[PDB]
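Given as structure tokens, the chain that follows is alone and in the form deposited in one PDB entry.
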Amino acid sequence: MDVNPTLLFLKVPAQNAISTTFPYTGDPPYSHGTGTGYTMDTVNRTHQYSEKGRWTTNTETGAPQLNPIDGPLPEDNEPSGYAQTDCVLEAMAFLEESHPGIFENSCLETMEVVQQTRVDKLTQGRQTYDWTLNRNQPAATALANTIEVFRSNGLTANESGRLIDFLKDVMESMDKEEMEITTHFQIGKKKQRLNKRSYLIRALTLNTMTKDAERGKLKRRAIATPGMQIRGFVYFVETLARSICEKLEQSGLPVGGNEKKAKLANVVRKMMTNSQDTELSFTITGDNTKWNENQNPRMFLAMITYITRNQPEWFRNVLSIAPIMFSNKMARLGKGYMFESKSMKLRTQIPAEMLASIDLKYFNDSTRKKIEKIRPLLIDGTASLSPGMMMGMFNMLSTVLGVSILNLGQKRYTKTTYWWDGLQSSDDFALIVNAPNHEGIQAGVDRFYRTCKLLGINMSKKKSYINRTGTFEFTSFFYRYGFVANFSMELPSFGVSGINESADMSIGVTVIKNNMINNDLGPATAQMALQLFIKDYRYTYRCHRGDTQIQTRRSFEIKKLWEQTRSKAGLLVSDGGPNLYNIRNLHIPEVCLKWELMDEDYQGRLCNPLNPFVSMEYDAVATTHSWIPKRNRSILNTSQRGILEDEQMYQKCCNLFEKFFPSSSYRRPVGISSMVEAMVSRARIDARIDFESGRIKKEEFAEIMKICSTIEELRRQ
């Protein structure tokens, strides 16, 4: 016998054994070196799908830009970026007609959000391209650097504390002849001055990198991160787009997985069964080829202008600035290139900024051609990327366009025996087409494809197939007369997360529980997952049962703690205690599950607020095991070594402020008063009301007021 697991599909249908086809038990593919080659490929490719457009020289950045809107209609089935303004506007008009008042209500909601949003909202994000350092920095750090630079240059409307005032400062900075930033050298500081054009290019640029841990692809991809000037406009546009999407039944982007499955089941039920005996029904499991490279921000501006019709001009402007900036966006090429010399046995690193002047003798044919083709678009170490979006950032608005295309087939607009419906989430869709005959089915499919080509959307004919309704696929959800469980996609989440002992335990048990609830994880499979998770947990944190004689760095303390305790069933697994978790206990925290079994000494030492250790929703009880792991500590060798002292001092000031304002941690403070002013005013009023009726009496009240007076005198000085 020659074992062949694939032959298992000769009896078990593919959807009922699809988990076998997911090799999610091995390491995912990772990018090793630069991501500049991928960025150049993306720029060249998105400029190739629109080469028949109009070429312009931007008067602000002096950069070449390509406009394929209202370009020649495609004569082939290759990817196209020549979207027609009339077609997009008409699709929006029909989408509004089928859902009257959708745009107006969405605009009202977005207006309320815009008028009530604050700058602090921009701190809830991951790596953002800080232009002050030309580097990816956390959202809060980049926001703080931008605010500091604006205040230094004289743009202080952000002091109002409203996000829209920050956007006003962002726009006002565009009209400044020359800005000034600070640079660190290998330590002190140096003031550098940027012209208007340089600041424009730095504010319009997106930093590129390579995407790691990508499952299901042979070649690596390039992703992008925006700056801080464009993120507030993007936030408002995303608010409007999500408001629109929530009111569309053909959109599944803003909802969860189970909601996606419910929407798909509902549409299948409404399409197939209700179809009469003579009507044929088919399902297309479509993926869009080069989705982002053919999404032109000018069409997004057109959609925004249509949606915001009959609205205040300020709202239109603030929601239009984002597509305007993405239409002029620049892409930073990336890390650069590494060269090797075998005879002399050395290696060298060239930054991407040199690609505009480097001699092409060091590159392959592929990279030489990429650089030669992209050089015309290179402006100050960055490439023009006008033709289309780099990666996402408007997934909601792209889904809105896709849902408009889906809604254009209600049989009111086709005016033919065939019609279509379905679900679409950016770069993926399921399309149910009903028509009385195979001729009608194919005519409907052809019209849907051709209308997609008229809006800059392309159907991937290699990754798409059409069968009879009842079986299909959507975002790795395999529907076969009902969605089937795919445990493989969830398998990578069955180890120790890496937060800390208590958090890891809680997260593991909660993940097992949730996959039992949603993803049909079996009882025996759940028990085995629990056992394996506990084994990996003991082996990762060196917390073995203590009765065992496994020798580790942590084993002496665990053995002594084991011997000390009388009731050893109350010890946490991190303290070398037994595992009491089972199918009935997956929703209970370990501390509470073992609470009545702990010894009073151990219980008090573990759950002590005085411990110096304590500083996907999972419940966790605070214990000494909620420590925080160490930090990277690679800062000490870089020029940016002064950030650590600044962080420490900021933490000191914020801790003192919390000491003054107790609720500073529960709800974020609001107010334009400087920190010192607010603290001093609070101290004055508190001492006042305490002296009048409270702990304080006259002499120490006077002393406190004297200290406050000198504090304010020092503030003014």
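What we label the rigid core is the largest C-alpha set whose atoms superpose within 1.5 Å from one form to the other. Residue numbers run from 1 along the displayed sequence.
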Looking across the other entries that model both neighbours, is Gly33 missing in at least a third?
yes
Of the other entries that cover residues on both sides, do at least a third skip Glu159?
no
Absent coordinates between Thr348 and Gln349 - deposited residues affected, binned into four classes:
none
Count, per the entry, the deposited residues between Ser343 and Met344 that are not modelled, and return the matching class: none, 1 to 3, 4 to 9, or 10 or more.
none
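Form deposited in another entry: not shown, discussed below.
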Please look at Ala157, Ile350, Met528, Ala265 and say which one has a C-alpha shift reaching 2 Å or more between this form and the one not shown, core superposed.
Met528
Taking the rigid core as reference, does the Cα of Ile69 move 2 Å or more between this form and the one not shown?
no
Using the rigid core as the reference frame, would you say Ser663 shifts its C-alpha by 2 Å or more between this form and the one not shown?
yes
If you line up the core, does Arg231 shift 2 angstroms or more at its C-alpha between this form and the one not shown?
no
Closer or farther: the C-alpha atoms of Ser664 and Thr128 in the other form, versus the form shown, with a change of 3 angstroms or more?
farther
Work out whether the Cα atoms of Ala139 and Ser663 come closer together or move farther apart in the other form than they are in this form, the change being 3 angstroms or more.
farther
